[PDB]
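Remarks on the overall topology
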There are 2 protein chains.
Amino acid sequence: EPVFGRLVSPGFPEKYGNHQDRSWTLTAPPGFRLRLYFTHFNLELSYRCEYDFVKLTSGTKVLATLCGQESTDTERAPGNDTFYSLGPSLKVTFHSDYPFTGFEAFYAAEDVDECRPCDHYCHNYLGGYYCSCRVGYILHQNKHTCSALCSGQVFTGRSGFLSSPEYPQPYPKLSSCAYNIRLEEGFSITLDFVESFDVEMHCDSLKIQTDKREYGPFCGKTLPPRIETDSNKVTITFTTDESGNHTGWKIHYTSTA
Amino acid sequence: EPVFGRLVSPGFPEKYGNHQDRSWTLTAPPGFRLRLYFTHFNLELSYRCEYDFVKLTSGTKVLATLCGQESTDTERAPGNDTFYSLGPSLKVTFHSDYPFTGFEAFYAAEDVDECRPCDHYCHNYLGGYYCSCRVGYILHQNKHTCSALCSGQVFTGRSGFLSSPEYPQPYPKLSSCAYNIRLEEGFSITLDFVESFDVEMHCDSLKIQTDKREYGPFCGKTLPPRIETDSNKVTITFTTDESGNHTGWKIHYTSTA
Ligand SMILES: *[C@@H]1O[C@H](CO)[C@@H](O)[C@H](O)[C@H]1NC(C)=O
Ligand SMILES: *[C@@H]1O[C@H](CO)[C@@H](O)[C@H](O)[C@H]1NC(C)=O
Ligand SMILES: [Ca+2]
Ligand SMILES: [Ca+2]
């Protein structure tokens, strides 16, 4: 179902009278807008086009009020201009109040560049759009957000660094990380947040757990106190929400006999 | 049925091998073309991209051959460029011959401005187009040509001028005029072509007829000899074809007792 048509003044191309007023309500499908232009336009000129006019509207917005033969200082004439609707709807109105030929206009549905919406990549197509993510993330079910793939990694070295996905840059939204540090049965590991610590707060909640002992929920803008664990195996959980601008955290683990 | 999709190198985002070659054949509906662009593009560089490449083709036309990471003097890289197919068809080919991540591309069907066809007015819409004419003409059945409305007019004055529709400018195509000069029963009218005479020739045929007596077929580039009729009523027939640039004719009729 293609959308396009033609509109003309009463009695076109003959002279129009002043006992017939007109309106046309044009509708394109969702995702489209309508473009209209005039091939012939000849209406009497009057201050602010109050006597004779062609008015273009979208919803309550008044896109334009036309009249005359040649645009002036306070009255506008279509010329060869193209008018676009705001939304998939356009209303054209023709009025005349008590020698002019009137007008001929054409309209056609046209695609809307809907990426004028997405977390990472916005892909536009005819009638709609969709989103995609960068390498390392996977589109969420909200179809717009990019969840990070931050789980399944483990640390075996005596000491190492951990952090939020894009540290020191805003971390993924609607993500849920899970970091792991596994060491020999003897050793004992101590964690201490380093550099910066920035997490959305009022707990975006960072939780550190290990065989009987819960830490957190951590949030806020300052390095939380250092933590001396018991185990040689610790797991960290960082769940996020949509808030973007938050640098995140970075932990430097270490262990001793 | 909306057209759009995604293409990637073997094993994307992992490094690609060299035992798998690829092609995708994209098809948009008549009236549309496909646009494609790369979100990720990382292929090994080689002179004229002979070892690794992404080739874009439309029919037999080679729109582009890609490779590398950054365009150079003899090798091209997508960058953030957008590629459009020629016609409603696009073919993407990926090759590799014996550390690079490959590529991710997206494509979407897009409308073709088919008024890049018509006699007078070309109107474009999604998937096709149509034609319209200026005031005084009516679209022919070929859906493209503008026939003139040159019939039904009569002349009653003792003397008057007649001519081709846009004299002295190219006359309408596929038109068929019929002029009439009616005078009192007594008078007798004489016709003589004036100014210019330009009609498509080898008879576009101008014929003058009146109660028993046929004149013509007139064509050519010079004023035809003057004609003294018998009747007080004469009718002229001018039929055209597609040839455009031909000024036409102009007759100055007169009559005497
Ligand atoms: C519209 O464009 C034509 C060229 O095709 C130009 O001659 C004409 O002046 C323009 N009309 C107006 C008033 O904008
Ligand atoms: C593509 O555009 C980005 C801006 O978003 C720019 O930083 C990048 O250099 C461009 N890539 C190339 C190689 O054209
Ligand atoms: Ca769109
Ligand atoms: Ca089109």
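As annotated in the PDB entry, chain A carries the name mannose-binding protein associated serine protease-2 and comes from Rattus norvegicus. This entry's official PDB title is "Crystal structure of the CUB1-EGF-CUB2 region of MASP2".

Topic: the environment of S205 of chain B
Residue and element names in this part refer to chain B. Relative to the assigned elements, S205 resides in strand β17 (residues 205–209). Distance from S205 to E242, taken between C-alpha atoms, is 13 Å for residues 37 residues apart in sequence. Beyond its immediate sequence surroundings of up to four residues, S205 is in contact with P217, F218, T237, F238 and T239.

A short note on the coordination of the calcium ion (ligand 3)
All of the protein donors around the calcium ion (ligand 3) are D111 of chain A (OD), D111 of chain A (OD), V112 of chain A (O), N124 of chain A (OD1) and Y125 of chain A (O); their distances to the metal are 2.3 to 2.9 Å. Each of the two residues, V112 of chain A as well as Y125 of chain A, counts as buried.

A closer look at the UniProt feature "disulfide bond" in chain A
Residues and elements named next belong to chain A. A sulfur-sulfur distance of 2.0 Å is found between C49 and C67, whose disulfide is recorded in UniProt, and that is short enough to count the bridge as formed. One end of the pair, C49, is in the loop between β3 (32–42) and β4 (53–58); the other, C67, is in the loop between β5 (61–66) and β6 (82–84), with 18 residues separating them in the sequence. The class of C49 is buried, set by a relative accessible area of 3%.

Focus on the interface of chain A and chain B
Contacts between chain A and chain B engage 24 residues on the former and 24 residues on the latter. Overall, the association of chain A and chain B removes approximately 1800 Å² of surface from exposure, summing both partners, and the carbon and sulfur fraction of that is 66%. Our count for the chain A to chain B interface comes out at 4 residue pairs in polar contact. Counting residues per element, the ones that place at least two in the side of chain A that touches chain B are β1 (4–8), β3, β8 (102–111), β9 (121–125) and β10 (128–132) of chain A. A per-class count over the side of chain A that touches chain B returns 16 nonpolar, 5 polar and 3 charged.

With respect to the packing of aromatic side chains
Using the criterion set out here, one finds 36 aromatic pairs over all chains in the structure. Their ring planes at 75 degrees and their centres at 5.4 Å tell us that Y179 of chain A and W249 of chain A sit as a pair that is edge-to-face. Judged by relative accessible area, which is 7%, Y179 of chain A ranks as buried. Judged by relative accessible area, which is 0%, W249 of chain A ranks as buried. Note on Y37 of chain B and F106 of chain B: the rings are 6.2 Å apart at their centroids and 20 degrees apart in plane angle, and the pair reads as stacked.

Quick notes on the domain arrangement of chain A
Residue and element names in this part refer to chain A. The domain architecture assigned to chain A consists of domain 1 (1–111), domain 2 (112–148) and domain 3 (149–257). Opposite the 6 residues of domain 1 that make contact, domain 2 presents 7 residues. Summed over both sides, the interface between domain 1 and domain 2 buries roughly 470 Å², with carbon and sulfur atoms accounting for 53% of that surface. On the surface where domain 1 and domain 2 come into contact, there are 0 salt bridges. Along the contact surface separating domain 1 from domain 2 lie 3 residue pairs in polar contact. Elements with a minimum of two residues in the side of domain 1 that touches domain 2: β3 and β8. Residue composition of the side of domain 1 that touches domain 2, grouped by class: 2 nonpolar, 1 polar and 3 charged.

Some words on the environment of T239 of chain B
Residues and elements named next belong to chain B. Mapped onto the fold, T239 is located in strand β20 (residues 233–239). Look at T239 and you get partly exposed, because its relative accessible area is 32%. On a C-alpha basis, the gap between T239 and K250 in space is 15 Å, while along the polypeptide they are 11 residues apart. Setting aside anything within four residues of it in sequence, one finds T239 in contact with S175, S176, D204 and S205.

Brief notes about the sheet that holds strand β7 (residues 89–95) of chain A
Residues and elements named next belong to chain A. Strand order in the open sheet made by the 4 strands is β2-β7-β4-β5, with antiparallel pairing throughout. On the outer flanks of this sheet lie β2 (22–27) and β5, each paired with one strand and no other. On average, adjacent strands in this sheet sit at an angle of 15 degrees to one another, irrespective of strand direction. Two elements, β2 and β7, share 6 bridges in a ladder whose sense is antiparallel. Bridge pairing in β7 links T25 to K91.

Side note on the pairing of β17 of chain B
Successive side chains on a regular strand alternate, one facing one side of the sheet and the next facing the other. Residues and elements named next belong to chain B. Relative to β20, β17 runs antiparallel, the two being bridged by 5 bridges. Opposite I208, over in β20, you have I236 as the bridge partner. Counted between consecutive antiparallel strands, the loop separating β17 from strand β18 (residues 214–218) contains 4 residues, among which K212 sits at a positive phi close to 55 degrees.

Here's the deal with the coordination of the calcium ion (ligand 4)
The calcium ion (ligand 4) binds to the protein through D111 of chain B (OD), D111 of chain B (OD), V112 of chain B (O), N124 of chain B (OD1) and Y125 of chain B (O); the donor distances cover 2.3 to 2.9 Å. Pair check on accessibility: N124 of chain B and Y125 of chain B agree, each one buried.

Thresholds applied
- Each chain's residues are numbered sequentially from 1 according to the written sequence, a convention that need not reproduce the entry's numbering, and residues without coordinates are excluded.
- Ligands are numbered from 1 and chains lettered from A, in the order in which they are written.
- For side-chain calculations, the full set of non-hydrogen atoms in the structure is used, while hydrogens and water are omitted.
- Residues with missing side-chain atoms are left out of burial classes, side-chain pairs and their counts.
- Helical segments are the DSSP runs of H or I of at least four residues, strand segments are the runs of E of at least two, and each set is numbered from the N terminus.
- Only heavy atoms matter for contacts: two residues are in contact if any of them lie within 4.5 Å across the pair.
- Only nitrogen, oxygen and sulfur atoms qualify as donors, and only when within 2.8 Å of the metal (3.2 Å in the case of Na, K and Ca); with water excluded, sites may look incomplete.
- With a 1.4 Å probe rolled over the protein chains alone, any residue whose accessible area is under 20% of its type maximum counts as buried; one over 50% counts as exposed, and the rest are partly exposed.
- A pair of sulfur atoms, both from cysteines and within 2.5 Å, is called a disulfide here.
- UniProt positions are given in the numbering used here, feature names are shortened, and annotations may be inferred rather than shown by experiment.
- Once two parts are brought into contact, the accessible area they lose, counted with a 1.4 Å probe and summed over both, makes up the buried area.
- N or O atoms closer than or at 3.5 Å make up a polar contact, with two conditions inside protein: a donor-capable atom paired with an acceptor-capable one, and, for residues adjacent in sequence, both atoms drawn from side chains.
- Amino acid classes used here: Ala, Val, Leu, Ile, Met, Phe, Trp, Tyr, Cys and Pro are nonpolar; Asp, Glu, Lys and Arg are charged; the rest, including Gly, are polar.
- Here the aromatic set is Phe, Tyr and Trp, taking the six-membered ring for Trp, and pairing holds for ring centres within 6.5 Å; pairs whose planes are under 30 degrees apart are stacked, those over 60 apart are edge-to-face, and all others are tilted.
- Residue ranges labeled as domains rest on an automatic or database domain assignment.
- Definition used for salt bridges: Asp or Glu carboxyl oxygen within 4 Å of a side-chain nitrogen of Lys or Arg.
- For two strands to pair, DSSP has to find at least two bridges joining them.
- Between N-to-C directions, angles span 0 to 180 degrees; the directions come from axes that are lines fitted to C-alpha atoms, helices contributing only their stretch in contact.

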